[PDB]
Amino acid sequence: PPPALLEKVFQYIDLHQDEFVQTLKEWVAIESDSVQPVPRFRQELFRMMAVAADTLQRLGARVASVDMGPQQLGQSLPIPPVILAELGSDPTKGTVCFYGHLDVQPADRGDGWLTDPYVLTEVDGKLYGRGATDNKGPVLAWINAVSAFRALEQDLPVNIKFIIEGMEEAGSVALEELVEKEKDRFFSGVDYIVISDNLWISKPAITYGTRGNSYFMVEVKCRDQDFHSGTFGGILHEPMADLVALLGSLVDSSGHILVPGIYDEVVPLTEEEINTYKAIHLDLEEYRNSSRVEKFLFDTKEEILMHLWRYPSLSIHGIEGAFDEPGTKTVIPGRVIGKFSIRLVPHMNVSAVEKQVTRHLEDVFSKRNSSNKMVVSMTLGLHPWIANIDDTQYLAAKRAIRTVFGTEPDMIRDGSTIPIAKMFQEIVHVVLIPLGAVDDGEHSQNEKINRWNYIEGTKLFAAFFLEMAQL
């Protein structure tokens, strides 16, 4: 049983759930792809921001859609407006701000989707579609919670602010300058900030730490034109041969990173820290099963979680400029770019990591005595983020979770990076409430959010409004 007429709010959410799921279906069908520099998609992104601005206004919010200007690509594209919305300015009330994004990662059905990525399809309680979990589901769950108090003419316990952007999947272009401009304007008197764009691991969760990241591009160039692999086979220093040797020099079969210096500054594992991991709830057979992975690099819960949260990791993403379509093309690529990144943990320095990776790659390349040119560039470099657990925002969330799910949340870290979390910490001086399941498949084929997570998460947000008012 819930408290109060949270009972009535909860009743409302259960009765309007099919409507909440149809709104999500409608938002998902707007192909708000920010990553493709294609006018068709950027227009759909602007329409998305407009649909959201209208939704917030209809709820009762003062809404501003802030003109963001051009995105320099030697061409350019307009950036989608940022919604800056306020619902209530009651001086007898605290104020909570919610950040979300309504742009999505590209989705091509040919990538391996069993459904049309932009048609929300429910299969065994799972709602499949691009943006279902990342991030239209949790934005709507928050909005739908507010709309329950509004429909019932129930006083919202806190004032609510919304900051919603349309460029998160493309580096939040122009957000930081707007935030900076607004630090003592829109953010003046905002008590706590909420982000809901992350997943559980098993038991619901609250997330209080994230990894950093460093994204590397390694270009090996002969000439711009490719070669016929037979007509010119046998006589070139082939860009692909150099790149494959460069990429193959980075990590070993155990996951151990081979760049010298990389472990120098990782904080030492302590007894205390080990204990924190032992207290997390994770069935390793369950985790193997939802991931459909035969075996992981490690055998125990503690090793698995630590390698995700507090050890660095290296992933090779792909190669650009070579033969990557289906079939059997006989080509020596003239210019290729390897892509890989290293997730960063305390106490690693971004600038040192950049130096170390570069030096390593130069040393490998020079030993090849190749005629090719190599350019390493670190295109992205972010430090890790940690919240203070048992902050007032963090306690409200714990209580809200207990109310809705009837159990204590585990305090978890995250292997991914939430750059926005760091940005609000640096400029405005954040609580992460995950709604997604571990197997939601964000940034992949067959992304979903579970109906239960989406609907029960709406209730979580409702309870949370009330908890924030209570300190």
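Residue numbers here begin at 1 and follow the sequence given.
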Next on the checklist: Between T392 and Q393, what class does the number of missing deposited residues fall in: none, 1 to 3, 4 to 9, or 10 or more?
Outcome noted: none
Item to check | Continuity check for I235 and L236, given as deposited residues lacking coordinates between them | outcome: none
Checklist outcome for this item: Going by the entry, of stretches 142 to 150 and 182 to 190 the one with greater average Cα B-factor is 182 to 190
Checklist entry - Is the mean CA B factor in the deposited entry higher across 287 to 295 or across 244 to 252? => result 287 to 295
Checklist outcome for this item: In this crystal structure's PDB entry, the residue among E320, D264, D224, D134 with the greatest CA B factor is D224
Checklist entry - Say you rank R130, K367, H101, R359 by Cα B-factor from the PDB entry; which sits at the top? => result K367
Item to check | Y118 CA temperature factor, ranked by third within the chain | outcome: middle
Checklist entry - Which third, lowest, middle or highest, does the CA B-factor of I274 fall in along this chain? => result middle
Checklist entry - Should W27 be placed in the lowest, middle or highest third of its chain by the C-alpha B factor in the entry? => result lowest
Item to check | CA B-factor placement of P239, once the chain's modelled residues are sorted into thirds | outcome: lowest
Item to check | Where the record places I163 (Cα B-factor, split into thirds across the chain) | outcome: middle
